[PDB]
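# Understanding the architecture of this molecule
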Amino acid sequence: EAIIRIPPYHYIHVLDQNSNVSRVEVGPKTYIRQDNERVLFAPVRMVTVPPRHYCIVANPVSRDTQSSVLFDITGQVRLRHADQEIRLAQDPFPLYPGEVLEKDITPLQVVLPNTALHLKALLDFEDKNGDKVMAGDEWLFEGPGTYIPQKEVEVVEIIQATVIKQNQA
Amino acid sequence: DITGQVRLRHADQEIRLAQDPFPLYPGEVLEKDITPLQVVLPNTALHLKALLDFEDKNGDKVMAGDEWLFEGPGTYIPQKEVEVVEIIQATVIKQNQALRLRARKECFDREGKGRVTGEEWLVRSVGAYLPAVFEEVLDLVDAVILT
Amino acid sequence: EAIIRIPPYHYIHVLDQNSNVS
Amino acid sequence: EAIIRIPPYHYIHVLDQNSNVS
């Protein structure tokens, strides 16, 4: 029906047929749909990201230096396509049309002092320390911590440190 | 919130103690209610892993790998960040005995010896004793009689 | 019904449809 | 119905029940 009551933490991907493009509608508004527009679905809950948790979404919306969402000239949200998007803890956010939520709701990669993460690169990428990373390179994240995933980094495995009792090799 | 809905901190939670009764608000989720505060005996302690890095009451930084050990007669105050791994009774040690232990991680023991992983050592001290969060209880070791 | 008698230590999450908010 | 298309030279006396006024 024409009347569309959106709950405050909910959103809909309205599809305007005149401009032939989709766009988000979000917030505690009773924003009724225009007849030219079509509402594909009931107000989906805005994605929630718990503290010390992460999620990844394929075909992320493009962002500027302000990291504000950048709509394409068509009125559709612009997308980075093959690129993905990691996320951590923040206020809940609407999903946008053309996005693909590959991943959600998981505690951040915790790791014990006597074990480490084995991490092949998927493709060459910049490191936090400014180091270049070859695809053949294998990261080894040791120590008590919570590693931050990259879309480029792939998690090969985990290796426990080997205890060595006296008079052994 | 400007919409007129109550604003929410989302992934964040909220601990509460004793106070006058309060309304619930829309969008809230009551994960927990009605439970006596975490009491603890003098000869036992709380083992507490961090869920994620957080500020301590004393201003200390807390790593996720850090393990809190709350000993003594008391009533510990929970944090939304703190996770309750378990509880460990202090090990009593009768005279002429020693408490065998093992190092699950590199660190320093109360003896002050450097402790490589898998290392074992005696606890000479008589009477009740609380193992460290890295320390692992094995067994009391009686002294052999020597006539 | 339109009449809502709230007991002194009680509450309700009213949902206003006009502002579309609780 | 909820949808009300007003022609450019036309008008309606809407009656709001909340404020009890037209």
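Quick summary incoming for the structure in this document. Per chain, the count goes from 1 following the written sequence and can depart from the entry's numbering; residues without coordinates do not appear at all. The lettering of chains begins at A and the numbering of ligands begins at 1, in the order of writing. Values throughout apply to the part shown, which belongs to a larger assembly of chains. Only hydrogens and water are set aside; all other atoms, that is, all heavy atoms of the structure, feed into the side-chain values.

## Details of a negative patch on the surface
- Among the surface-exposed residues, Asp 124, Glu 126, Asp 131 and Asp 137 of chain A lie close enough to one another that they form a single negatively charged patch.
- Strands are runs of DSSP state E lasting at least 2 residues, helices are runs of H or I lasting at least 4, and numbering of each runs from the N terminus. Its location among the elements puts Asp 124 of chain A in the loop between β11 (115-120) and β12 (125-126). Within the patch definition used here, like charges are joined within 9 Å and nonpolar side chains (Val, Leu, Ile, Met, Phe, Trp, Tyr) within 5 Å, considering only residues with over 30% relative accessible area and no salt bridge. Where accessible areas are quoted, they stem from the Shrake-Rupley method and a 1.4 Å probe; at the residue level, only the protein chains shown are allowed to cover. Salt bridge, as used here, is a side-chain nitrogen of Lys or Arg placed within 4 Å of a carboxyl oxygen of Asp or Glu. The convention is simple: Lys and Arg are positive, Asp and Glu are negative, and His and the chain ends are not counted. Charge coordinates come from a single atom per side chain, which is NZ of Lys, CZ of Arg, CG of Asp or CD of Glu.

## With respect to the sheet that holds strand β7 (residues 86-87) of chain A
Residues and elements named next belong to chain A.
- Strands were regarded as paired on the criterion that DSSP finds at least two bridges between them. Ordered in space as β7-β6-β9, the 3 strands form an open sheet in which the pairing is antiparallel. At either end of the open sheet lies a strand with only one pairing partner, and these are β7 and β9 (100-103).
- Note that strand β6 (residues 55-58) and β7 share 2 bridges and pair antiparallel. Counterpart to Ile 56 in the pairing with β7 is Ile 86.

## Observations regarding the arrangement of the chains
- For the 4 pairs of chains in contact, the maximum contact count is reached by chains A and B.
- Working rule for contacts: check all heavy atoms of both residues, and any pair within 4.5 Å makes them a contact. Left apart from each other, chain B and chain D have a closest C-alpha approach of 17 Å.
- Nothing in chain C touches chain D, and the closest approach of their C-alpha atoms is 10 Å.

## A closer look at the side chain of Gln 5 of chain B
- Position of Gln 5 of chain B relative to the elements: it lies in the segment before β1 (38-40).
- Residues in contact with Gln 5 of chain B, not counting those within four places in the same chain, are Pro 8 of chain A, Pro 26 of chain B together with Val 21 and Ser 22 of chain C.

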